[PDB]
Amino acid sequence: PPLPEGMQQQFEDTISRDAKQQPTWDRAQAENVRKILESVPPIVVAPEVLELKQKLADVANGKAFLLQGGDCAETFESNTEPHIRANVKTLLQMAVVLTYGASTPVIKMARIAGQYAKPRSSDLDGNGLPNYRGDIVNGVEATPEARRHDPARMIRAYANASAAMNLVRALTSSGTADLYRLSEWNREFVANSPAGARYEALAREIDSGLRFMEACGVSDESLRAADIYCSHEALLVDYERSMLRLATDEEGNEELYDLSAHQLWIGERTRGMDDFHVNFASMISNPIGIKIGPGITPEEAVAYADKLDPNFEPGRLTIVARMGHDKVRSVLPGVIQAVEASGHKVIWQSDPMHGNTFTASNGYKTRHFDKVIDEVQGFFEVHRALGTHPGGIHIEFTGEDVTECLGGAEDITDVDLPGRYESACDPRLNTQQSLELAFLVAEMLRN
């Protein structure tokens, strides 16, 4: 494989860096897997990434909203036609309500087609066997057989990735992204929800807006379909470097993209300034997210922003606040002020999930719904008060009727958790609770 140009100087340097949360496995074998994946069809194409950069610039400048979400960890087992549908459906069903509430174009990103690699686990498990690190590295089975790290799982992940994107592209053009269809499903929610009497205000109001549209004779070019972009945490060195492709923009302008997804994002753990991922990200032309915890100082946030967005292109960087309901109001404002002052129009995104994960006195780990909302509530209160733009959210959900998060309209308590708990990692929002979340965030976008 020959060199690009002046990137090779930078690329070699980028490999040199340490990478946290890597898998331990055979190197000679993993290099073969990579050189296989160096020639496959990509999951996405450069023009679609450009389209997302342009749409993400509008989010950065107050003209659009960002809905990101899906499974915490995709599993090969769960990557099926019925499950993918339900995630797409709930993502869209939310997006119609946020579109109305925000009075702006919602951009739909998804945790899909790549979100396999997982860091959150401690380095070793009880019983002396390695713990689950995603179906791209090892199996969920609690046996030394399955938990052994396997480079071949990278090809299985690429397979399952291209399967899922092929399906969302089909599902979206085939009209599960029909606007009238989605709102008819949202009435079925509000009618059959316990706390739907609260939300029926906005339900009727969206109903009216749609009937008004048809009354004005508005030709349904844009109403039959959507665009669901895709994303995952760029965790794994060999997989993400294998998906590097070299596109040539208009007038022969050459660039370097990671086409494993439209948008890649960096996690809390692999966040070092002189580590692989932040240097990888700054080299690739994709839009980029970056998770940010309470331990962030505004000094560091400006440092990230300078490296990841070195040309002040609005929407290139998303900064994903995940801080807990209590510490969001306190920590965030200083970060924004410093970042905005430095001349960077980033997308401010709320992740009210990975802040509020607590062990539920029941074996299982959960998040309380009321606390999840309260982090977003505070995320807006900071933006309203400072006079900056709430760019988006980054929730974790599923389209199955599962009981993993407490509270909500359903009244899910400690005792309800073992009844159905299908998640490979962090606890996801119930279908009921995902829609319910959107309606509340809509109300916050209005006021």
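All residue numbers refer to positions in the sequence shown, first residue = 1.
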Would you determine, from the values in the PDB entry, which of 19 to 27 and 5 to 13 has the greater average C-alpha temperature factor? 5 to 13
On mean Cα temperature factor in this entry, is 123 to 131 or 100 to 108 the higher one? 123 to 131
Looking at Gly363, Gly272, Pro82, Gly289, which has the biggest Cα B factor in the entry? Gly363
Taking the Cα B-factors listed in the entry, which of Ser260, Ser173, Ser193, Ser350 comes out highest? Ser193
Check where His383 lands among this chain's C-alpha B-factors and tell me if it's the lowest, middle or highest third. highest
When the deposited Cα B-factors of this chain's modelled residues are ordered and cut into thirds, is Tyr304 in the lowest, the middle or the highest one? middle
In terms of the chain's CA B-factor thirds, is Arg34 lowest, middle or highest? lowest
Quick check on the deposited entry: does the C-alpha B-factor of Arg316 sit in the lowest, middle or highest third of its chain? lowest
Among all modelled residues of this chain, ranked by Cα B factor, put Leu223 in the bottom, middle or top third, i.e. lowest, middle or highest. middle
